[PDB]
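# sharing the initial chains of the complex here, in place:
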Amino acid sequence: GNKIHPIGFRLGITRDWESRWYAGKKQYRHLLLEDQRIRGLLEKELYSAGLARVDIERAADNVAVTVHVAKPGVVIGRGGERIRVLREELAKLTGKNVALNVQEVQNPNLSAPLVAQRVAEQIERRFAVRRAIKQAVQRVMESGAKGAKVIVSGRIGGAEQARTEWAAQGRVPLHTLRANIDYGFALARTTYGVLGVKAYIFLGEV
Amino acid sequence: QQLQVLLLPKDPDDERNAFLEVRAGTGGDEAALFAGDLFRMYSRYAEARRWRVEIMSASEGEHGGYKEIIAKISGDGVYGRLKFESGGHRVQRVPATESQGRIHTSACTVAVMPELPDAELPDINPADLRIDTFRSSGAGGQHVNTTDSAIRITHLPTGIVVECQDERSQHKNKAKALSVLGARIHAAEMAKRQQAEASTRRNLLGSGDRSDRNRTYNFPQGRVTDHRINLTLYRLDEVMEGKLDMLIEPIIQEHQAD
């Protein structure tokens, strides 16, 4: 058990923080806690939409939450029905002016956290884990990625002996700083236990 | 709660001090290792009740433990309490003598017997002797032909006879005859005594040494299960690394109802 997290390894090189603001010693914690509660609520409510990234900004008493998603409509609703419903649920928790945006995920099959959650859904539906993994990688490469690697660990198929299955195509140079690699993790809860899913998408090097 | 009158069956050797010996079984030095684990457990239990546990013979294990270990536990109600340890205790654990790392089912055996120190019963009571003075046989002179001085004694209760015809006088021939008669009385009674030891231990230690009675001590799960009755607790360490009073007690409570 070794490998470093591929995003934290690229923070400020190929990947940018998800909470971009400044705060002083006396304040940092409380903003961060509220920041995570925003993600807590949104991660549950926006799952069906296709949540990929949740960016957060702060100035002074006002905060702007940018939600990236594959199905923008599922967030907005009918003419703004759910999008309005969100600000109220939001600024109730926030207690401040909570500006909520939405933005497209141009290619959900090039978004690693999306690929990961899809396979995790597939394996909670009792699908053939190995067939799924080869498929997921096949989608990501067809969508143009320079390389892809997907991993599933746990009681695969219900087996008592845990195992790890992975498949990969193209290049995935996890040692190269300048290589842009999206990473995502998805938890698959089954009747026999938890399976872990990891998705690596190599978009290109910068 | 109407306490059921348990004062109907009597018991002779129920409060007497008890010998306790633990012997290794199936599984090489692993069972020897466990025979010490059973002995410390009975040592924790004896000292927890202010009992005198005194070892008299031990055979060390090749890699630590006890192939055999016999001790004398003295106190009040010793045998009447530990007499349910006699039998085969089964083990299931990851050995300390393991190379790969797999569960191994070894076993040990425990013998528990009362005190009843052996008596002497000697000095040959004469009222059971029939002394026969006659004449000798072989070399000599007129003395042999005439002087008798050939002796044979007969112990009626055992049937053991001895005649001595070595030296001339019958009194020096009776002296040897008396001492030999008692030597045969004692060697014959000491036979009937140690025959009763190997005949009771054989039906208490269980010749089979892997699948027999008593308890099985599983360490991976944490299950001490005594198969005699029908109760499987989870103390294990608590019972082993310490005393185990509330385990013997459900066995005695069911044996009472029997």
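That came in fine, so what should we check first? Numbering: from 1, shown residues only, chains lettered A, B, ... in the order given.
# backbone dihedrals for residue A:101, please?
Main-chain torsions, residue A:101, degrees, to the nearest 10: phi -100, psi 170.
# could you find the closest non-adjacent residue to it?
residue A:66 (4.6 Å; C-beta to C-beta, 6 or more residues apart in numbering or on different chains). For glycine as for every other residue, the C-beta is placed from the backbone atoms N, C-alpha and C.
# neighbours of the one you found, how many?
15 (other C-beta atoms under 10 Å in any protein chain shown).
# for the one 10 residues further on, same thing?
Residue A:76: 17 surrounding residues under other C-beta under 10 Å.
# with residue A:183 instead?
20.
# show me what it is bridged to.
residue A:200 (DSSP bridges).
# my read is that it contacts residue A:199, right?
Yes. With contacts counted by C-beta atoms under 8 Å, residue A:183 reaches residue A:199, the gap being 7.0 Å.
# so what sits against both of those two?
Common neighbours of residue A:183 and residue A:199 (criterion: C-beta atoms under 8 Å, 6 or more residues apart in numbering or on different chains): A:112, A:113.
# okay, now residue A:25: neighbour count?
If you count neighbours by other C-beta under 10 Å, residue A:25 ends up with 6.
# now do the SS call for it.
coil (DSSP: H, G, I helix; E, B strand; the rest coil).
# and then chain C:
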Amino acid sequence: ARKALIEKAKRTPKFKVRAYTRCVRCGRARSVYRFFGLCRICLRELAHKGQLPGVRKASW
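Same chains as before, plus chain C:
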């Protein structure tokens, strides 16, 4: 004894000594950083995600 303890740690005590930091994320009582409100494990988990503003792997 866990959720009751992450709860008793929130309520103000009978004497100000009895107050102690728990990790707001996982409830850990040990190795709690004041600056974040998080334990060393959560501090590492969120930092690798990038959900700690300005925090990055320090190398010199």
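# can you check the neighbour count of residue A:76 again with chain C included?
Neighbour tally, residue A:76, other C-beta under 10 Å: 17.
# what's the nearest residue to it if we skip its chain neighbours?
residue A:83 (4.5 Å).
# against residue A:89, how distant is the one you found?
The gap separating residue A:83 from residue A:89 is 11 Å, by C-beta to C-beta, to the nearest Å.
# for chain C, which segments count as helices?
C:3-8, C:40-49 (DSSP state H).
# which one of those lies closest to chain A?
helix C:40-49 (3.3 Å; C-beta to the nearest C-beta).
# show me how far the closest one is from its chain's centre.
11 Å (C-alpha atoms, centre = their mean, to the nearest Å).
# quick one: list the elements packing against that helix.
The elements that helix C:40-49 packs onto, with contact taken as 3 or more C-beta pairs under 8 Å, 6 or more residues apart in numbering or on different chains; DSSP states H and E, do not include any helix or strand.
# from chain B, which residue is nearest to chain A?
For chain B, C-beta to the nearest C-beta, closest residue to chain A: residue B:102, 14.4 Å.
# distance of that residue from residue B:90?
17 Å.
# chain neighbours aside, what residue packs nearest to the residue of chain B closest to chain A?
Nearest to residue B:102 is residue B:94, by C-beta to C-beta, 6+ apart, at 7.3 Å.
# so what's the residue count around that neighbour?
Residue B:94, neighbours per other C-beta under 10 Å, totals 12.
# build in RNA strand D:
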RNA sequence: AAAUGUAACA
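Placed with the earlier chains, RNA strand D looks like this:
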């Protein structure tokens, strides 16, 4: 010139 390591691998 120097001995040994039993007995329950998915």
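# the neighbour count of residue A:183 again, this time with RNA strand D added?
22.
# from residue A:115, how far off is it?
10 Å.
# and for the two, which residues touch both?
With C-beta under 8 Å, 6+ apart, residue A:183 and residue A:115 have common neighbours A:199, A:201.
# contact partners for the nearest residue to residue C:24 once chain neighbours are set aside?
In this structure, residue C:24 finds its nearest non-sequential neighbour in residue C:37, 4.4 Å apart by C-beta to C-beta, 6+ apart. By C-beta under 8 Å, 6+ apart, the contact list for residue C:37 reads A:29, A:32, A:33, C:21, C:23, C:24, C:25.
# separate out the buried members of those residues.
Neighbour counting with 16 or more other C-beta atoms under 10 Å in any protein chain shown marks A:29, A:32, C:21, C:23, C:24, C:25 as buried within the contacts of residue C:37.
# could I get the residues you listed as a markdown table with distance to RNA strand D?
Below are those laid out as a markdown table (distance: C-beta to the nearest atom of the strand, whole Å):
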| residue | distance to RNA strand D |
| --- | --- |
| A:29 | 45 |
| A:32 | 43 |
| C:21 | 43 |
| C:23 | 36 |
| C:24 | 40 |
| C:25 | 35 |
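# which parts of chain A sit against RNA strand D?
Residues of chain A that fall close to RNA strand D, judged by C-beta under 7 Å from any atom of the strand: A:160, A:161.
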